[PDB]
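Residue-level listing of the chains:
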Amino acid sequence: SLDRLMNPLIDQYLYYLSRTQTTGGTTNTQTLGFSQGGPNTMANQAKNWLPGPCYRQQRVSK
Amino acid sequence: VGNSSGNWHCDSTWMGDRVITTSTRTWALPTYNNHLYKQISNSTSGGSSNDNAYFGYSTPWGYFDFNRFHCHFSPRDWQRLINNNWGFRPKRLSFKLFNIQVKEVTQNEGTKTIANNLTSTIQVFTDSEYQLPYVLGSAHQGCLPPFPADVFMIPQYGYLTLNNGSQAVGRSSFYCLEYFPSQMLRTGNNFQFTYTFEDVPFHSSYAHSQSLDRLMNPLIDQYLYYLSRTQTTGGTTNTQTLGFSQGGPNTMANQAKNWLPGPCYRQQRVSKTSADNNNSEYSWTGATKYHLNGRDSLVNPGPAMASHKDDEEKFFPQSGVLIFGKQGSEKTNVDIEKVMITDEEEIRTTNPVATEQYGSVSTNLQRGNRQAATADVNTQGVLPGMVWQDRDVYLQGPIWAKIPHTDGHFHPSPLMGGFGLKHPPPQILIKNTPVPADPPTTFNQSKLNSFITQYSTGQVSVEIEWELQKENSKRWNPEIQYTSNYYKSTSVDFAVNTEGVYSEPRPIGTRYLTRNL
Amino acid sequence: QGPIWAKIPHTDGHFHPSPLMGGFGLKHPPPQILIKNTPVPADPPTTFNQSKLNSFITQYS
């Protein structure tokens with residue numbers, strides 16, 4: 001599938017946004033935590049292509 | 001045994017409109033799972049996410065990873081390329097591999113002697129039919145050393161299939177390369193092969209001298225008209241009327257153009273300045289994404305876009321562009337200073353800005369009793385009349401990608417940027433040959449599990465012959481160029497600190513030379 | 001027990017380039033030949049690791 005075309009044993013050598021606020025105790029402040037894409041965070045890994053075109057339709061049951 | 005398997009051919013040369021290049025590098029080879037296969041899903045896990053579910057197999061094999069540029073071009077040279085040509089396209093590709101050796105390892109009482117076993121071997125092959133799941137186009141680390149003198153290990157290999165959570169479907173497939181012919185190889189014996197690309201549109205490495213709204217003449221006016229008045233304006237009275245006018249040098253904004261900006265995908269904006277961002281964790285929730293088969297996945301880097309508009313250097317798209325990390329970076333929650341972001345101000349010329357609306361439209365038809373309706377557009381498809389430029393490439397970036405062998409593909413230009421092909425270069429895979437240990441004295445039905453752990457190594461290179469369209473611009477004014485600033489710096493650029501670690505100062509673009517639109 | 005020749009700086013201006021230590025100069029002097037032992041890594045890990053290698057078999061030729 002379009003989201004599983006990469007290798008599971010490695011990580012992208014790029015980074016992506018993973019933190020908007022601090023997480024170390026009982027305090028909230030503006031911060032920025034960046035990280036690479038791992039085998040455990042595949043969902044966020046940067047892909048290279050895009051799904052196809054679409055037209056929403058109402059659903060129905062058998 | 002007493003003869004080199006070839007010479008170290010690694011240079012950069014320019015004979016004119018073509019450029020040849022090769023880089024020799026030394027690698028290593030480790031066995032895996034003791035020559036055994038595997039199954040992988042939420043196992044050596046994370047816990048529960050139809051979005052983080054997977055299904056694949058770790059094979060005892062390894063492969064090559066050189067889909068980047070800093071692996072074929074030293075910086076300077078790349079520069080040379082940039083300031084002189086407008087576009088290029090790689091045509092030829094050679095591959096050499098030699099000087100193999102085999103090492104074994106006996107770990108007795110912590111005392112381990114490492115000698116060679118010149119009689120062992122390995123086997124490699126290629127897939128010229130692309131029957132094996134393609135692994136590249138994912139920019140997985142472990143590319144050839146951006147540097148030439150260092151050495152590296154070859155990343156193991158594993159693929160995946162159509163899955164359903166922690167279970168697979170019937171149609172799920174399962175392959176085993178041990179089913180493919182492979183030039184066997186013993187020490188001293190060499191191996192090489194060759195392939196040649198096919199036709200491809202030269203990735204245009206340049207910017208534009210005008211924007212889609214300023215392509216007309218300032219001294220004249222369109223001989224057409226446009227709506228300029230809905231009501232009267234002559235005193236203290238309001239009545240329905242219609243004032244039409246031509247397009248002048250003072251009303252350029254309204255002048256009828258002939259073409260249309262490119263496609264778009266709205267994204268949330270963010271700042272490099274920590275305090276200017278809202279105080280809420282929206283990294284995963286307020287993020288732009290698509291829905292597929294229940295698994296919701298992010299849309300990165302998404303379509304071609306513009307990082308920001310003028311003077312918005314503080315912001316960039318939430319997940320609209322690439323990011324890099326200076327050498328020494330680790331896996332997670334690192335800060336912004338250990339990384340580098342990509343500036344895309346070069347496309348404001350023709351493509352929209354990610355954190356910006358595409359434009360507005362109406363939702364109704366007014367009358368004397370109905371108010372003028374006006375909505376917004378953050379999602380946009382394409383129509384006849386659009387033009388854009390794909391994402392620019394970066395030296396520390398990917399080079400090409402495998403076009404999915406399907407019935408429908410459109411302007412297959414990859415998103416990370418680069419080049420696509422219906423028949424991409426091939427994947428080469430190697431593994432240490434298995435060699436069993438002392439077997440029993442009598443028979444035993446079961447197969448073997450005891451082998452001499454060993455590893456092998458050697459050096460390789462690759463030749464690339466490209467094409468390039470040299471510039472013909474007669475712009476009089478001196479364009480911009482790429483250069484290391486002339487002030488004094490403690491640590492040189494692309495140098496190696498007093499420790500030998502080689503790091504890059506900033507990422508590098510190619511859209512430097514400005515060519516007319 | 002002295003030097004034999006020296007590299008004339010590739011410049012636009014040079015005069016009676018006769019070296020000072022004495023000897024012979026040339027616009028295109030003999031060449032420099034350089035050699036090094038080829039690197040050979042040690043036992044690498046069983047799984048992957050992004051970073052490059054630093055462990056090799058120390059040897060000499």
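Residues numbered from 1 in each chain as written, not as in the entry; some residues may be left out. Chains lettered and ligands numbered in written order. Part of a larger assembly, values for the part shown. Heavy atoms only, no water.

- Per the PDB record, this model was obtained through cryo-EM at a reported resolution of 4.5 Å.

**Details of the overall build of chain A**
Line of reasoning, step 1. The helix and strand tally for chain A stands at zero helices and two strands.
Line of reasoning, step 2. A compact globule built from 62 residues would reach a C-alpha radius of gyration of about 11 Å, whereas chain A, at 18 Å, exceeds it by more than 25%.
Line of reasoning, step 3. Across its three principal axes, chain A shows a C-alpha extent of roughly 50 × 30 × 20 Å.
Line of reasoning, step 4. Burial status across chain A gives 53% buried among its 62 residues. (Helix = DSSP H or I, 4+ residues; strand = E, 2+ residues; numbered from the N terminus. Rg over C-alpha atoms; globule rule 2.2 N^0.38 Å. Buried < 20%, exposed > 50% of the residue type's maximum accessible area, 1.4 Å probe, protein only.)

**Side note on the interface of chain A and chain B**
Line of reasoning, step 1. Each partner contributes residues to the interface: chain A has 43 residues there, and chain B has 66 residues.
Line of reasoning, step 2. Summed over both partners, the interface of chain A with chain B comes to about 5,000 Å²; 55% of that surface belongs to carbon and sulfur atoms.
Line of reasoning, step 3. Area buried by chain A at its contact with chain B is led by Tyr 13, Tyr 15 and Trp 49 of chain A, which between them contribute 16% of it.
Line of reasoning, step 4. Taken together, chain A and chain B are joined by two salt bridges.
Line of reasoning, step 5. Inspection of the region where chain A meets chain B yields 22 residue pairs in polar contact.
Line of reasoning, step 6. Broken down by element, the residue count for the side of chain A that touches chain B peaks at ten residues, all from strand β1 (residues 12–21) of chain A.
Line of reasoning, step 7. Classifying every residue of the side of chain A that touches chain B by side-chain character gives 18 nonpolar, 20 polar and five charged. (Contact = heavy atoms within 4.5 Å. Buried area = accessible area lost by both parts, 1.4 Å probe. Salt bridge = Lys/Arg side-chain N within 4 Å of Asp/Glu carboxyl O. Polar contact = N/O pair within 3.5 Å; in protein donor to acceptor, adjacent residues only side chain to side chain. Nonpolar A, V, L, I, M, F, W, Y, C, P; charged D, E, K, R; others polar.)

**A few points about the sheet that holds strand β10 (residues 156–160) of chain B**
All names here are of chain B.
Line of reasoning, step 1. Taken in spatial order, the five strands make up an open sheet running β10-β4-β31-β8-β13, and their pairing is antiparallel. Each end of this open sheet is capped by a strand with a single partner; those strands are β10 and β13 (183–186). Across this sheet, the average inter-strand angle for adjacent strands is 40 degrees, counted without regard to direction.
Line of reasoning, step 2. Pairing analysis gives four bridges linking strand β8 (residues 121–126) to β13, with the strands arranged antiparallel. Bridged to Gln 123 within β13 is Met 184. (Pairing = 2+ DSSP bridges. Axes fitted to C-alpha atoms, helices over the stretch in contact; angles between N-to-C directions.)

**A look at a nonpolar patch on the surface**
Residue and element names in this part refer to chain B.
Line of reasoning, step 1. Taken together, the side chains of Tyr 225, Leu 227, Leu 242 and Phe 244 present a nonpolar region at the surface, about 510 Å² in accessible area.
Line of reasoning, step 2. Of all elements in the fold, only β17 (222–231) and β18 (240–247) reach the threshold of two or more residues within the nonpolar patch.
Line of reasoning, step 3. Within the secondary structure, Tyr 225 sits in strand β17.
Line of reasoning, step 4. The exposure class of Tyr 225 is exposed, given its relative accessible area of 56%. (Patch = residues over 30% accessible without salt bridge, like charges linked within 9 Å, V, L, I, M, F, W, Y side chains within 5 Å. Areas by Shrake-Rupley, 256 points an atom, 1.4 Å probe, with all protein chains shown as cover.)

**What about the pairing of strand β2 (residues 18–22) of chain B?**
Residue and element names in this part refer to chain B.
Line of reasoning, step 1. With four of five residues buried, β2 is to be regarded as a mostly interior element.
Line of reasoning, step 2. Relative to β2, strand β1 (residues 12–14) runs antiparallel, the two sharing three bridges. Opposite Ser 12, over in β2, you have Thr 21 as the bridge partner.
Line of reasoning, step 3. Counting the residues that bridge the hairpin from β1 to β2 gives three residues, and of these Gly 16 lies at a positive phi of roughly 145 degrees.
Line of reasoning, step 4. Summarising the sheet, β2 and strand β32 (residues 454–470) pair through five bridges and their orientation is antiparallel. Note that in β32 the partner of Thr 22 across the bridge is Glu 463.

**Overview of the layout of surface pockets**
Line of reasoning, step 1. Its boundaries defined by the atoms lining it, the second largest pocket holds a volume of some 800 Å³.
Line of reasoning, step 2. Forming the walls of the second largest pocket are 31 residues, and the residues nearest its centre are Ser 1, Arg 4 and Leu 5 of chain A together with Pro 133 and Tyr 134 of chain B.
Line of reasoning, step 3. Looking at the lining of the second largest pocket element by element, the count peaks at four residues for β10 of chain B.
Line of reasoning, step 4. Considering only residue class, the lining of the second largest pocket consists of 18 nonpolar, ten polar and three charged. (1 Å grid on protein atoms, 1.4 Å probe; cavity = no way out; pocket = protein on both sides within 12 Å on 5 of 7 lines; lining within 4 Å. Points joined across faces, edges and corners; volume = space filled by probe spheres on them.)

**Quick look at unusual backbone geometry**
For residues that are not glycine, phi is negative in most cases, and the peptide bond is trans in most cases.
All names here are of chain B.
Line of reasoning, step 1. Note that the residue after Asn 300, namely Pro 301, is joined by a cis bond; omega there is 0 degrees.
Line of reasoning, step 2. Along the chain, the position of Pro 301 falls in the loop between β22 (295–298) and β23 (315–317).
Line of reasoning, step 3. Phi is positive for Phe 494, close to 60 degrees, though the residue is something other than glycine.
Line of reasoning, step 4. In this structure, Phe 494 sits in the loop between β32 and β33 (514–515).

**A look at the environment of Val 40 of chain C**
Line of reasoning, step 1. Inspection of the secondary structure assignment puts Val 40 of chain C in the segment after β2 (24–26).
Line of reasoning, step 2. Separated by 20 residues in sequence, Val 40 of chain C and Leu 20 of chain C place their C-alpha atoms 44 Å apart.
Line of reasoning, step 3. Excluding residues that lie within four positions of it along the chain, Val 40 of chain C makes contacts with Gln 101 and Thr 457 of chain B together with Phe 56, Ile 57 and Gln 59 of chain C.

**Regarding the pattern of salt bridges**
All names here are of chain B.
Line of reasoning, step 1. For the coordinates displayed, the defined rule picks out 13 salt bridges over all chains.
Line of reasoning, step 2. The partner of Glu 467 in a salt bridge is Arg 18, with the nearest N and O atoms 3.5 Å apart. Taken together, the residues span a long stretch of sequence, with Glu 467 in strand β32 and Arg 18 in strand β2 at a distance of 449 residues.
Line of reasoning, step 3. With relative accessibility at 21%, the residue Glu 467 sits in the partly exposed group.
Line of reasoning, step 4. By relative accessible area, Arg 18 is classed as partly exposed at 25%.

**Some thoughts on the packing of aromatic side chains**
Line of reasoning, step 1. Evaluated as defined, the whole model comprises 23 aromatic pairs over all chains.
Line of reasoning, step 2. Aromatic side chains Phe 64 of chain B and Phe 95 of chain B sit 5.9 Å apart centroid to centroid with 65 degrees between the ring planes, which places their arrangement in the edge-to-face category. One end of the pair, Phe 64 of chain B, is in the loop between β4 (56–63) and α1 (75–82); the other, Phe 95 of chain B, is in strand β5 (residues 85–104), with 31 residues separating them in the sequence.
Line of reasoning, step 3. Measuring from ring centre to ring centre gives 5.7 Å for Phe 69 of chain B and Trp 78 of chain B, while their planes differ by 75 degrees; the resulting arrangement is edge-to-face.
Line of reasoning, step 4. Residue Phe 69 of chain B is classed as buried on the basis of its relative accessible area of 5%.
Line of reasoning, step 5. Judged by relative accessible area, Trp 78 of chain B falls into the buried class, the value being 4%.
Line of reasoning, step 6. Feature note: the residues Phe 55, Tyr 57, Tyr 63, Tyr 157, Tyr 159, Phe 174 and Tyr 175 of chain B constitute an aromatic cluster, connected by ring pairs.
Line of reasoning, step 7. Sitting over the ring of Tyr 13 of chain A, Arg 68 of chain B keeps its end group 3.8 Å from the ring centre.
Line of reasoning, step 8. Here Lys 289 of chain B stacks its cationic end above the ring of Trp 284 of chain B, 4.6 Å away from the centre of that ring. (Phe/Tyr/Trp six-rings, centres within 6.5 Å; stacked < 30°, edge-to-face > 60°. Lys NZ or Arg CZ within 6 Å of the ring centre and 35° of its normal.)

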